[PDB]
Each structure stands twice: as structure tokens, then as C-alpha cells.
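Residue numbers (PDB author numbering), protein chains in the order written: chain A, 1 to 281; chain B, 1 to 194, 208 to 281; chain A', 1 to 281; chain B', 1 to 194, 208 to 281. A prime marks a further copy of an entry chain.
One structure is given below, encoded as C-alpha cells.
There are 4 protein chains.
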Amino acid sequence: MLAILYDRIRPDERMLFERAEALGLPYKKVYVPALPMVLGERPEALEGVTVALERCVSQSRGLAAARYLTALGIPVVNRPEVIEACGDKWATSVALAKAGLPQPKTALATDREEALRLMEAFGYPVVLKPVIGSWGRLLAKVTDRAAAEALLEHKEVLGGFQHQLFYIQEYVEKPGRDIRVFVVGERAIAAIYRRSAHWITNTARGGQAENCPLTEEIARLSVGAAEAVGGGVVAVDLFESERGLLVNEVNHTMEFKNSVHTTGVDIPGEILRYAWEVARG
Amino acid sequence: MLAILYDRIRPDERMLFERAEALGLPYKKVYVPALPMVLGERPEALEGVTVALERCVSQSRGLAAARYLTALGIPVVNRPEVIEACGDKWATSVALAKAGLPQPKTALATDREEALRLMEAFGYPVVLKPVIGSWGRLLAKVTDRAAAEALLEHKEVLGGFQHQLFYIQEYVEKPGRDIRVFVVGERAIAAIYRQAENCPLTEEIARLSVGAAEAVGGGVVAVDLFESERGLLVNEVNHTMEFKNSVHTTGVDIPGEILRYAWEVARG
Amino acid sequence: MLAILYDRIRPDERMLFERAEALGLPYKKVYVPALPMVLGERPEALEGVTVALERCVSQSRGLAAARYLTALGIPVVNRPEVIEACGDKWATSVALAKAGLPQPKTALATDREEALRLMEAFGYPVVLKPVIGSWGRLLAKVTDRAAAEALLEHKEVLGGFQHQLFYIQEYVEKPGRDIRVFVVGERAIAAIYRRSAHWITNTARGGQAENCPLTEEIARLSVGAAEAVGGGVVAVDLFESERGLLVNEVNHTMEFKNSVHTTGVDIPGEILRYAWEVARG
Amino acid sequence: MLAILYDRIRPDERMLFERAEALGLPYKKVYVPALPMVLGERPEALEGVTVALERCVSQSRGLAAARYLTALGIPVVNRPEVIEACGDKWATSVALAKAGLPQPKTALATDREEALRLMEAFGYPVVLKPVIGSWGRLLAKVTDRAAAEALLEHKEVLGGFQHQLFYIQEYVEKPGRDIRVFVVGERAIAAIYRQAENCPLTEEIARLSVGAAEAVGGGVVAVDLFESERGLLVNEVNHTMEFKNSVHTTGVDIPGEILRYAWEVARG
Ligand SMILES: Nc1ncnc2c1ncn2[C@@H]1O[C@H](COP(=O)(O)OP(=O)(O)NP(=O)(O)O)[C@@H](O)[C@H]1O
Ligand SMILES: Nc1ncnc2c1ncn2[C@@H]1O[C@H](COP(=O)(O)OP(=O)(O)NP(=O)(O)O)[C@@H](O)[C@H]1O
Ligand SMILES: Nc1ncnc2c1ncn2[C@@H]1O[C@H](COP(=O)(O)OP(=O)(O)NP(=O)(O)O)[C@@H](O)[C@H]1O
Ligand SMILES: Nc1ncnc2c1ncn2[C@@H]1O[C@H](COP(=O)(O)OP(=O)(O)NP(=O)(O)O)[C@@H](O)[C@H]1O
């Protein structure tokens with residue numbers, strides 16, 4: 001049986017339930033917060049479970065649960081190695097550099113002094129990001145030294161250990177949008193332009209979205225980024241820069257609720273077929 | 001040649017510096033907080049470096065630097081995968097379970113009510129640990145429900161989301177000491193009881222320690238064992254071992270063995 | 001006009017709106033998160049406002065807003081002095097000691113070593129509380145030295161500055177319940193028994209409630225506690241101990257949604273009449 | 001007689017100790033972290049104490065001790081009400097507004113979107129402060145919306161609920177210095193520019222400083238002023254003044270004046 005692991009039901013999960021039924025896939029939902037995860041002891045909720053789709057909103061919960069399923073010998077999409085690689089921006093950027101994929105100039109400082117040096121060397125504006133976090137949390141477009149000094153002080157004084165690694169990236173001049181590509185295994189299945197006047201292009205900051213036709217370069221880059229972080233089912237974010245397409249981020253738990261209408265592609269169905277027909281083995 | 005990555009020089013790093021010199025091993029010390037880590041730009045400090053020993057006191061700095069060196073095609077001891085796995089007690093316990101290695105009964109909950117239900121099923125006393133090292137601060141032996149309830153709320157309310165993962169373990173009755181085993185590759189080279210005394214290697218200690226090291230991906234690690242009534246149990250695997258005193262205690266050339274290992278790792 | 005200041009509408013606030021209409025009181029609701037609080041400049045939402053009832057769930061928001069209203073010369077129930085005194089358990093206990101009101105033995109430590117000494121001197125079980133917090137947050141019944149050491153370590157390692165003051169109180173053996181008294185000015189208007197098997201007697205931990213008839217001692221103590229913290233409209237919590245009634249806590253923003261049915265007393269109406277007829281002047 | 005409440009002895013506290021001795025003033029030093037503060041049990045350390053000077057470096061410890069001494073009927077300099085009011089910049093600004101004292105244009109928001117709307121209406125640059133002292137860490141001069149957006153999110157996401165109160169203030173153009181005035185009761189006794210130099214008292218400095226001290230409830234406080242194009246503006250009022258260097262800079266017996274004040278406060 002397919003288990004859909006979750007903590008909060010979003011419309012994306014509701015769509016997954018609907019397609020599983022329409023497809024005649026034997027499935028059940030598993031509420032991860034109530035799941036006892038004792039090593040050596042399969043909990044009641046997972047008896048009969050033959051493959052799992054990890055759909056938790058909390059990535060630390062999602063990752064702990066993915067790890068647990070691997071301990072029980074149940075295949076999980078995505079694998080913990082993929083979730084871990086996607087959940088740490090430095091691990092992602094390192095993986096992309098190794099794969100030889102194009103990305104914005106990217107650097108890591110482990111103290112305030114190095115972080116300032118780098119931002120000055122990159123030149124303003126420059127982007128500062130937390131290494132761990134999601135949904136565009138705590139990103140900063142830093143436009144001068146005093147904004148830089150103040151952000152770093154807030155990270156040091158208020159942030160935990162994680163916020164003491166400073167992820168510094170060239171600010172990329174985008175043409176009012178970015179690209180998100182939905183990758184299922186070795187295929188790019190669909191893509192969107194996310195258009196906004198705000199440098200953070202999400203729906204919530206006054207942004208809109210349209211179909212992004214797959215081009216040979218968009219598909220090649222996206223699938224390559226997906227392979228770089230360990231494969232599976234992922235959303236790849238790209239920027240159109242002056243020097244060509246750059247890979248920005250890879251997301252382990254992709255949202256698609258509006259994008260199935262935008263693209264006309266059966267994204268939840270592709271996800272479910274991948275889990276049932278390839279991950280399950 | 002070798003680079004030793006460090007942030008604060010401890011006596012352990014000086015012994016490595018002094019053993020390398022004594023061995024006539026070409027090496028440089030690389031101060032990570034000042035190392036420029038720009039992807040696609042090899043820094044001057046890493047020119048001609050063929051292997052690195054990750055010796056940072058900060059594990060998150062150490063991991064970040066290890067990843068960087070892998071992007072440069074420089075083998076690092078330990079590999080980022082090993083550091084990652086050792087640094088998360090749930091990742092370690094899962095790897096141990098998958099390798100079939102003995103360990104205390106262990107569970108994770110992601111929610112206070114389930115964590116409380118689990119603690120209740122384990123029975124008191126039960127141990128609660130943070131999943132991400134402290135280095136050892138927040139561990140509690142919890143002896144009843146009221147203590148359990150309060151600690152779980154404190155973790156949740158006060159702690160980062162990191163403290164929202166509740167690592168629950170059976171309390172193991174044992175002889176008021178632990179065994180720490182120094183593993184270098186496929187060999188246990190030395191062990192201590194922790208006034209720490211030498212712990213002569215046995216077949217059981219050697220087999221289980223190397224097994225635990227392999228389970229987390231292999232390398233240079235310290236493995237902690239419990240002497241339980243049901244046998245030796247793996248507690249934790251540490252990615253950056255301290256050995257300053259244990260060189261005297263065990264009479265084993267721990268730093269020499271580490272550097273010899275790093276030299277073979279240099280091959281690719 | 002009466003302004004009801006709020007951040008999240010609970011059933012208590014809904015009842016307040018209903019009684020204000022039934023009473024023909026000119027009133028409006030003011031959503032504090034959207035309220036611009038510029039000193040020297042009355043915002044649009046407060047034009048015509050003649051008295052305010054502070055009903056925010058967040059006590060730091062509620063207090064900031066109460067302070068603001070005083071800067072505009074608008075009477076507010078409760079006054080900031082009352083909110084501040086009720087919101088800090090040490091300030092409350094100090095005020096009760098000065099008033100000569102009976103309370104559990106209570107002490108404050110400002111470091112781990114003093115906190116341990118006190119708990120050992122009080123003897124287990126002993127209660128440890130944060131000085132600031134509400135709705136029974138972070139309370140601990142501490143039953144031995146190792147539970148004590150572990151709680152103090154979590155406070156020190158994970159808590160901010162506030163959690164570095166340790167409020168230590170004798171554990172009071174209660175008869176399976178505590179008393180809450182609703183005080184409006186110089187009158188105790190109603191009271192409840194809060195019954196539970198859990199030492200924290202709230203609804204959420206499996207507790208129930210019944211009418212607590214007002215006795216001369218219950219009324220005298222409750223009104224006296226109310227005066228001790230600066231007066232106004234407050235809920236006073238008492239314990240029946242072996243040495244008589246003790247005052248535990250005074251609450252600046254009382255909840256009463258179930259208690260109007262339990263007691264048969266028009267609690268929101270009394271609150272509204274106090275604000276309109278006495279605080280407004 | 002006098003008790004001086006302290007936690008860490010700074011040069012300021014030694015000068016107080018040494019002035020009291022020189023004055024022949026009977027006093028004791030009371031180490032607050034070891035002071036038993038049990039309500040209803042006067043501790044031995046406070047026997048015969050008729051007034052206290054609150055000199056703790058930690059303001060939350062200092063406030064807690066001040067409250068305790070008031071329960072004992074011992075007058076404290078400063079009173080808990082004054083410490084409380086000085087320690088919260090929104091409480092201070094509100095007290096200043098109510099007293100009709102000049103200050104920079106100041107606003108509070110409790111929500112990021114409203115805070116951003118306010119910053120936008122003030123116009124850039126604008127100052128963002130934490131409401132609860134740092135002692136001075138987190139203050140930002142914010143020069144545009146992007147910087148504003150990021151700082152507000154960092155405060156909200158990373159900070160305690162204390163950082164969910166957004167204290168917004170007009171940026172004041174001023175001559176690259178501030179004035180700090182030492183107020184003892186109804187008198188300004190000395191002032192500095194802050208290589209801090211003496212700032213001779215004037216009528217304007219004296220009037221506004223004593224007014225600010227009275228606005229927060231009166232006592233022994235340092236008042237910070239801005240020399241703006243529209244006059245002197247009150248910035249902050251500090252409940253535990255430091256004066257070690259300023260005794261030399263101003264040539265005023267600051268500690269003597271503080272102790273004289275404490276002696277009159279002893280009367281009730
Ligand atoms: N270096 C950069 N230059 C320009 N724009 C950037 C840069 N980094 C991020 N952005 C924008 O900021 C947003 C968030 O990116 P990021 O947080 O790195 O990944 P993400 O969380 O997957 N994206 P989102 O869906 O917005 O949360 C995207 O809309 C990007 O276009
Ligand atoms: N499940 C358990 N049962 C009994 N004792 C335990 C258990 N887990 C840990 N301990 C004990 O807890 C103490 C501290 O354990 P731990 O925190 O894992 O090591 P540590 O103190 O971090 N040592 P180090 O790594 O050198 O800092 C040791 O004495 C262990 O014996
Ligand atoms: N010293 C004590 N001895 C026994 N029980 C106590 C003690 N302190 C608190 N309690 C119980 O714990 C609960 C919370 O008290 P406290 O947090 O101090 O005030 P409160 O938040 O107004 N009450 P609540 O409505 O439960 O949130 C009450 O039900 C009390 O009966
Ligand atoms: N609204 C404002 N406009 C211009 N400058 C300001 C404003 N508020 C504060 N400052 C300046 O900010 C700097 C630090 O201010 P502040 O943090 O209030 O004092 P501080 O650094 O804490 N001094 P201390 O109390 O001795 O630690 C000073 O140089 C002030 O001049």
C-alpha cells in the first residue's frame with residue numbers, strides 16, 4: 001500500500017489523494033505527528049505499507065520520518081539523502097558545482113568578518129540567505145554595508161547555530177520572473193514562470209504565474225540538478241541571467257496546486273506513478 | 001599534501017602538527033574562519049593540497065568546510081556524509097539499525113503527546129536526548145511523567161525546531177562507566193573507560222566499533238559503547254575524536270594512525 | 001465610543017460584542033495588529049474613541065496598546081500598571097506580600113546555584129515557574145534534584161533573559177481543584193471551582209468546572225489581591241491549602257466564555273458597565 | 001544604613017565603596033546572586049539596612065532585587081517603577097509624551113506589514129530599535145524598503161516575542177555626538193558629550222533632563238539628548254548610570270551626589 005505521510009493537509013495533498021483514487025492505487029494517509037517511530041518495531045499505521053510519499057510541511061519532521069521508513073525497509077520518495085541535500089543550501093550549491101551546473105556566484109562565510117569581506121568583494125547589491133529554511137524564509141537583498149552589518153548582527157544575536165553560517169550569493173538581475181521546473185525521475189514534466197515586481201517571486205508578494213514551455217536547455221539543466229542532489233521528485237528553480245540560465249534552488253517537497261492548471265500537466269499523477277512504479281520496485 | 005583544517009587549536013591539533021613534523025609528512029594548517037570558500041574559485045591556501053583532515057571544534061563550520069573541499073576534488077577525513085550522519089543521533093541510530101548493530105531501544109517522536117505516550121510505554125526511568133549535539137548539555141534521565149511533561153514543553157516552547165524532534169531511549173543499567181573506542185578505517189586502534210583508564214581491545218569491542226564506524230560511512234571516528242546485561246550496545250559515533258590524554262592512557266600512537274590513514278585516503 | 005482592542009477573536013470577545021449591543025453601548029472593535037501607534041498622532045481607528053477595553057491575547061501587544069491609549073488620553077481597562085503587575089509573577093507576588101495577603105511560600109533565584117539551593121531547602125515536590133508567561137505555560141512540578149538540574153539547564157541553554165530568573169514556590173497540596181474569582185472594581189461578581197486530576201486544573205488537561213459560591217473570605221481575598229495589583233477587572237486564582245486560602249495568580253485579561261453559564265453571572269455585562277460607567281469618567 | 005546591591009563589581013561600584021568610606025557613611029555590599037529572596041523571610045544580609053542602591057549589571061536581576069527590597073519596606077534607588085519604565089523604550093517614550101517632553105517622532109507597530117507601512121510614511125532613513133535594551137546591539141539605521149523588510153522578518157522569525165514589538169523612530173540629523181546628563185533627584189549635576210568631553214550645564218540641558226527623569230518617576234538616572242535642528246530631543250533614560258570616567262571628565266563628585274541622595278531617600 002502507498003502511504004502519504006503528512007503533518008498539515010494542503011491543497012497539494014488533497015490532489016494527491018484524489019489522483020490516487022482515480023488511478024486505483026491502494027493508498028492511505030499517515031499523520032506523522034501521531035506516528036510512533038520505534039526502531040525495530042513497525043507501528044500499526046505502517047503495517048502493509050509498501051512505499052511512502054513524504055509530504056510533511058515541516059522538513060525536519062519529513063526527514064526524520066523518511067529516515068524511519070528506510071530503517072523499516074519501506075521505500076520513500078524522496079530518500080533522506082535527497083531531502084538532506086535539498087534542505088541545506090550550501091549542500092545543494094556544492095552538489096551543483098560538482099555536477100558542473102551553472103549557478104550564481106556563491107560563497108560561504110563562517111564568521112561575521114569573512115561575511116562582510118565577501119559582500120564587499122561581491123559588491124552591492126548582494127544576497128544573503130540562511131543555509132537552512134524554506135519558502136523564501138529570511139532572505140535578504142543587501143544594498144549597502146550598514147544593512148549588511150545590521151543583518152549579521154541580528155543573525156548572531158538572535159539566531160541559533162545554523163544562522164552562524166552565512167550564505168552569500170551574487171544578486172542576479174532577473175527579467176521580472178524566475179523559472180520553476182517539476183522533475184520526476186529523469187524527466188522534466190512541466191515548468192512555470194513566476195512573475196513579480198518583488199525580487200522574491202512567490203504568489204504572496206503580489207506575484208503571478210504562467211506556463212513555461214520546456215526547452216532543451218531548461219529540461220537538461222533541471223534534470224541534471226535533480227541528479228546532482230540524488231534524484232527523485234523535485235522542483236528546480238532557475239534564473240534567466242545575462243550569462244544564461246542559472247540553477248538557484250532544488251526543492252524536495254514540491255508544491256503544484258495551482259501549477260496543474262497553469263501547465264495542464266498531471267503533476268500529482270506523475271508523482272504517484274513514480275512512487276508506485278519505480279520507487280516501490 | 002595534507003591540510004589540517006582547524007578553527008581553535010586544541011592540544012589534539014598540536015599533537016597532530018608535531019606528529020606530522022616528526023614523521024616528515026608535508027602539511028599545512030588551514031584556518032577555516034579565514035578560508036575563502038567561493039564555489040568555483042580554489043583559494044591560495046589550498047594550492048597543492050591532496051587530502052584534508054577536518055579538525056574544527058565547531059561541527060557546522062567543519063561540515064561546511066568539508067563540503068567545500070569535496071567540491072574541489074580534495075578527499076576529506078571525515079567525508080561530509082560521515083560528519084552529517086554522526087552529528088544527528090537519529091541519523092546515527094537509523095544507520096545502526098540498518099547495519100543490524102546492537103543499541104539501546106530508541107524512538108523518535110515529533111509531537112509532545114506522542115513523545116509522552118512513548119516514554120510511558122518505555123517505562124521510567126527513560127532517557128531524553130537532543131538529536132543535534134550540545135556538546136552534551138541537555139540530556140535528561142527522566143524518572144516520572146511530571147518531569148517528562150515539563151521537559152517536553154521546555155524543548156518545544158524554548159528550543160529551535162531542532163528541539164521539536166524528541167529522541168527517546170531506554171535507560172541502560174551499566175557499570176558506572178562507558179567505553180570509548182578509537183576507530184581508524186577498518187581497525188579499532190585503542191580504547192578507554194571513561208581518571209579515564211586504558212581499555213584493552215577485545216574481539217567484541219573491535220567488531221562492534223568497526224561495524225558502527227562502517228554503518229555511518231567509514232573513517233576516523235570515536236565509538237561509545239555501553240556494557241549492558243545484554244551485551245555491548247552502541248551509544249554514539251563521534252566524527253572528530255579527541256585523544257590528547259588517551260595517547261598517554263592507551264600508549265597508542267593515535268595521531269600517527271590518523272595521519273597514516275589520511276595519507277592512504279589521499280590516493281582517491 | 002467604547003473601543004474593544006483585540007488581536008484574535010475568541011468566544012469571550014464575541015460575547016463582549018453581543019452584550020455591548022444589547023446594552024446600547026456605542027462601541028467598535030479595533031484590530032491592534034493593524035493599528036499605527038504614532039506618538040502625538042491619533043490614528044483613524046481611534047477617532048471618537050472615549051474608553052477602551054484591552055482584550056488582546058498577546059500580552060506584550062496588549063500592554064503596548066494600553067500604554068499608547070494612555071498617551072492619547074483615552075482611559076483603558078486595564079491600565080498598563082495593572083497589566084504589567086499581573087504579567088510578571090514576581091511583581092504579583094511582591095504586591096501580594098506588601099498587601100499582607102496569604103500566598104504559597106515564594107522565592108526568586110537569579111542563578112542556577114541559588115535556584116537549586118532553594119528547591120532543596122523547600123523540599124520536593126516544589127514548583128518552578130517562568131516569571132513571564134500565561135495560560136499555565138512552562139510550569140513544572142519538580143519532584144527530585146535531577147529533574148531540577150535538567151529543567152534549569154533547559155532554561156539556561158534554550159531560554160532568553162526572562163527565563164534566567166527562577167520563580168520557586170512551595171508545592172501546595174490542593175483538594176483536586178482550584179478557585180478562580182472574577183473581580184470587577186471593588187466587587188467579586190462570580191467564582192468557579194476548576195476541578196482536575198492534573199495539578200494544572202485547566203479545561204485542556206481533562207478538567208471540569210462548577211460554580212464556587214462567594215464566601216466572605218473568598219470575596220475579601222480576591223478584591224484585596226485585585227487592589228494589590230492596582231485594581232480594575234481581573235481574575236484572581238486561589239488555592240485551598242491546609243493552612244487556608246492562598247492567592248496564586250492575578251490575571252489581567254480574564255476569560256469567562258464558559259463561566260457565564262457555570263456561574264449564571266453576566267460577566268461580560270459587568271465588564272462593559274465598569275468600562276463605560278467608571279473607567280470612562 | 002546603606003546597602004549597595006551588585007552582581008559584578010565595576011570601577012563605578014568601587015568608587016561608590018571608596019566614596020562611602022571617605023564620607024564615613026556606614027554601608028554594606030550585598031551580592032545579589034547569593035541574596036536569599038524568600039518573600040516573608042528577611043535575609044541576614046539585609047539586617048539594619050535602611051536604604052539600597054541598586055547597582056547590578058544585569059537589569060532583570062537588578063529589578064527583581066529592587067522589588068524584593070520594596071516588599072521589605074527598604075527604599076531602593078532606583079524604585080522598581082523607575083527601573084521598569086527606563087528599561088522599556090516604549091514605556092519611556094510614552095512617559096515622555098505624557099510629560100510633554102521633546103523627543104524624536106516615535107511609533108510602535110506590533111506587526112510586520114504595519115511596521116513597514118509606518119517606516120514608509122516616516123521616509124528613509126529611519127531608525128529601528130529593540131524595545132528592551134541590548135545593551136545597544138540591535139539598533140539599525142534603515143535606508144530602504146528591502147533592508148526594512150529583511151530586518152523586520154529577522155526580528156520576527158529569530159527573536160523572542162520581545163522582538164515582535166517594532167520601535168520605529170525618525171532619523172535625527174545631529175552633530176556626530178550626543179549629550180549624556182547625570183541627574184540626581186531634581187538636579188542635573190553634570191554632563192558629557194560622547208574621547209568623551211565635559212559638557213557644561215546650560216538651562217536647556219538642566220530643564221529637559223530633570224523633566225525626563227521626573228517623567229519616568231524620578232531618581233538617579235542618566236538622560237541622553239540629541240542636539241537637533243529643532244532643539245534638544247530626549248532619546249533615552251537609563252536607570253543605572255555609569256560614571257567612572259565622567260568623574261574625571263566633568264570634575265563633579267558623581268558618586269558623592271548619588272550617596273547623598275540615597276541618604277535622603279532613607280527617610281521614607
Ligand atoms: N541571488 C539571487 N538573485 C536574485 N534573486 C534571487 C536570488 N536568490 C533568490 N532570489 C529570489 O528569491 C526567491 C526565493 O529563492 P530561495 O529562497 O533561494 O529558494 P526558494 O525558497 O525555493 N523560492 P520561493 O518559492 O520564493 O520560496 C526566488 O523568487 C528568487 O527568484
Ligand atoms: N540510554 C542511556 N542509558 C543510560 N545511560 C546513558 C544513556 N545514554 C547516555 N547515557 C549516559 O549519559 C552520560 C552522558 O552521555 P552522552 O551525553 O551521550 O555522552 P557525553 O556526556 O556527551 N560525552 P562527550 O561526547 O565526551 O561529551 C554518559 O555517562 C552515558 O553513560
Ligand atoms: N505552587 C503550586 N502548588 C500547586 N499547584 C499549583 C501551584 N502553582 C500553580 N499550580 C497549578 O497550576 C495551574 C496554573 O497556575 P499559574 O500558571 O501559576 O497561573 P494561571 O496561568 O493563571 N492558571 P491556568 O488557568 O491553569 O493557566 C493552576 O491550575 C494551579 O492550580
Ligand atoms: N532616532 C535617531 N536618529 C539618529 N541617531 C540615533 C537615533 N537613535 C539613536 N541614535 C544614535 O544611535 C547611536 C546609538 O544609540 P543608542 O543605542 O540609543 O545608544 P547606545 O549606543 O546604547 N549608548 P550606551 O547606552 O552607552 O550603550 C548613538 O550614536 C545615537 O546618536
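Cβ coordinates follow ideal geometry from the N, Cα and C atoms, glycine included.
Once you ignore the five residues that flank residue 65 of chain B' on each side, which residues in its own chain have a CB closer than 6 Å to its CB?
5 and 32
Smallest Cα separation from residue 261 of chain B: which of B/247, B/215 and B/211?
B/211
Between which two residues does the beta strand (DSSP E) holding residue 124 of chain B run?
Neither: residue 124 of chain B is in no beta strand (DSSP E) and is coded neither H nor E.
Note down the Cα distance separating residue 250 of chain B from residue 121 of chain A, rounded to an integer number of angstroms.
40 Å
Minimum length 4: unbroken alpha helix (DSSP H) runs contained in the stretch 71-110 of chain B:
80-87 and 89-98
Ligand 1 heavy atoms versus the CB of residue 182 of chain B: any closer than 7 Å?
no
Can you check whether the C-beta of residue 161 of chain B is within less than 8 Å of a C-beta belonging to chain A?
yes
Alpha helix (DSSP H) containing residue 270 of chain A': first to last residue?
267-274
Could you work out which residues of chain A lie near residue 155 of chain B', taking near to mean beta carbons separated by less than 9 Å?
154 and 158
Closest residue to residue 252 of chain A among A/60, A/139 and A/149 (Cα-Cα distance)
A/60
At 9 Å on the CB atoms, spell out the chain A contacts of residue 151 of chain B', in chain order.
140, 147, 150, 151 and 154
Please tell me whether, using a cut-off of 7 Å, the distance from the CB of residue 12 of chain B to the nearest non-hydrogen atom of ligand 2 is below it.
no
Can you round the beta-carbon distance between residue 77 of chain A' and residue 219 of chain A' to whole angstroms, since I take them to be within the 8 Å contact cut?
The Cβ separation is near 21 Å, so there is no contact.
Using 7 Å as the cut-off, classify the Cβ of residue 244 of chain B' as near or not near the heavy atoms of ligand 4, replying yes or no.
no
Rounded to whole angstroms, how far is the Cβ of residue 55 of chain A' from the Cβ of residue 13 of chain A', which I believe are closer than 8 Å?
6 Å
Please state whether the Cβ-Cβ distance between residue 192 of chain A and residue 263 of chain A is less than 8 Å.
yes
Determine, using beta carbons only, whether residue 60 of chain B' comes closer than 8 Å to chain A'.
yes
Cα-Cα separation, residue 232 of chain A' to residue 88 of chain A':
17 Å
Could you tell me if residue 1 of chain A' is buried or exposed, where buried requires 16 or more neighbouring beta carbons within 10 angstroms of its beta carbon?
exposed
Just checking: is the beta-carbon of residue 144 of chain A within a distance shorter than 8 Å of some beta-carbon in chain B'?
yes
Need the endpoints of the alpha helix (DSSP H) that residue 258 of chain B' sits in, please.
257-263
Taking residue 93 of chain A' and residue 110 of chain A' to be in contact with their CB atoms under 8 Å, please state how far apart those CB atoms are, rounded to whole angstroms.
Contact flag wrong, Cβ pair sits at about 15 Å.
Consider the Cβ of residue 137 of chain B: report whether some Cβ of chain A' lies at a distance smaller than 8 Å.
yes
On a CA-only basis, which of A/183, A/68, A/91 and A/47 is nearest residue 132 of chain A? Give me that one, please.
A/91
Interface residues of chain A facing residue 204 of chain B [CB-CB closer than 8 Å]
Here chain B breaks off after 194 and picks up again at 208, leaving residue 204 of chain B without coordinates.
Nearest-angstrom Cβ-Cβ length linking residue 235 of chain A and residue 172 of chain A, presumed shorter than 8 Å
18 Å between Cβ atoms; not a contact.
Within 8 Å (strictly less), CB to CB, does residue 281 of chain A reach chain B?
no
Measuring only between beta-carbons, confirm whether residue 114 of chain B' sits less than 8 Å from chain A'.
yes
Let me know the secondary structure DSSP gives residue 224 of chain A' once reduced to three states.
helix
Along the chain, where does the alpha helix (DSSP H) that runs through residue 149 of chain B' open and close?
145-158
Would you tell me roughly how many angstroms separate the C-alpha atoms of residue 164 of chain A and residue 221 of chain A', rounded to the nearest one?
52 Å
Return no unless some Cβ of chain A is closer than 8 Å to the Cβ of residue 46 of chain B.
no
Ends of the alpha helix (DSSP H) at residue 12 of chain B'?
11-23
Alpha carbon to alpha carbon, how far is residue 245 of chain A from residue 139 of chain A? Give it in angstroms, no decimals.
21 Å
DSSP three-state label for residue 241 of chain A', please.
strand
Give a yes or no on whether the minimum CB-CB distance between residue 268 of chain B and chain A is below 8 Å.
no
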